[PDB]
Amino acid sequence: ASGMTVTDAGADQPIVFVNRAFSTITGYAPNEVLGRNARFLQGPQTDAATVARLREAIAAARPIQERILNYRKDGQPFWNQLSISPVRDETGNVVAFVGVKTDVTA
């Protein structure tokens, strides 16, 4: 099961929804992540150039796929196969972003 996050499009893309697999993968309950930017999943071993490519894609509302080192709540690393896409209305306004997280550590 892949984790899924939904964020607001604007401000700092706060998380507005996670699926159950999100909590299985990351160790966080919904109430611990709602209203936060997903960057709290990163740590000192996360690749800064990868974070930069996500930052620039989100600012432009461009879809992006990266493999990124992330951390469970208890501190265990997992390699996150992350896919992020904007949700657009028919005028092209960005309504939200959706993220799909696959734990590809094994």
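Quick note: we count residues from 1 along the sequence shown, nothing fancier.
J.: On mean C-alpha B-factor from the PDB entry, just flag whether 13 to 21 or 85 to 93 is the higher one.
T.: The stretch with the larger mean CA B-factor is 85 to 93.
J.: Looking at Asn80, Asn31, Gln42, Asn37, which has the biggest Cα B factor in the entry?
T.: If I rank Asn80, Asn31, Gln42, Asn37 by C-alpha B-factor, first place goes to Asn31.
J.: Taking the values exactly as deposited, rank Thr46 by C-alpha B-factor within its chain and report the matching third: lowest, middle or highest.
T.: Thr46: CA B-factor falls in the middle third of its chain.
J.: Looking at the C-alpha B-factor of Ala106, is it in the lowest, middle or highest third of its chain?
T.: It falls in the top third of the chain.
J.: Looking at the C-alpha B-factor of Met4, is it in the lowest, middle or highest third of its chain?
T.: Middle third, going by the recorded CA B-factors of the chain.
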